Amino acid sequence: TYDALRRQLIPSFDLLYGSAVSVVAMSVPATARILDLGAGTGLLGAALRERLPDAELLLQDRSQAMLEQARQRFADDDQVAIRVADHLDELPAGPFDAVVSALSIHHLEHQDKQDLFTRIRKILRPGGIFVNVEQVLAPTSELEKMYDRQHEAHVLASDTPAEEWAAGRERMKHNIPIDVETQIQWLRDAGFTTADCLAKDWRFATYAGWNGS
């Protein structure tokens, strides 16, 4: 039900979450240590577990209520741990092969995003990968209205309950998005040697940075 609603609200959910899973699987070993930052109910972690049965997952979020859903999702999984922490708090030491995030980092001020990317690189192994599945701003107000129309078109085509879309729009008023190429450049500024946009559907994009390759 919850997973079905996320697909209704998020254009190209399968392409964008699937691209995050595929780029991690091509970048890290079967036995990778992975941090899911702002894991919420653990949706991105779950997609990774499906592909990587032998990976160690650490799910981190500031919300105990969201992580209770992650605890239920991963009830019988002996290779999943949960950490309660704000993005702004000290990150877990690691090292990690991958740090992943979906629809969470846009809740930080821009300066805090730039600093977070730098702090993430510090806990990555050499060659390690950072992946973000993210809500991104259009480069102009005119294109932002077109991004919004395309988002609405997906939500309508997906037969989304009107009250859930209204609730979704209200939550997005608190978001601090920026365009995908600005935050990809912030990965270069943070000292990632390669950064790329893997996949994109207007307002939603999957991008990654590599710590040495």
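Counting begins at 1, following the sequence as shown.
Averaged over their C-alpha atoms, the temperature factors of 69-77 and 92-100 are higher for 69-77. Comparing the deposited coordinates for 33-41 and 169-177, the stretch with the larger average C-alpha B-factor is 169-177.
Among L48, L59, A162, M26, the highest C-alpha B-factor in the deposited entry belongs to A162.
Residue-level temperature factors show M146 in the lowest third of its chain, judged at the C-alpha atom.
When all modelled residues of the chain are sorted by CA temperature factor, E134 is found within the lowest third. Annotation for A20: C-alpha temperature factor in the lowest third relative to the rest of the modelled chain, per the entry.
For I10, the recorded CA B-factor ranks within the middle third of the chain. Only modelled residues enter the ranking.
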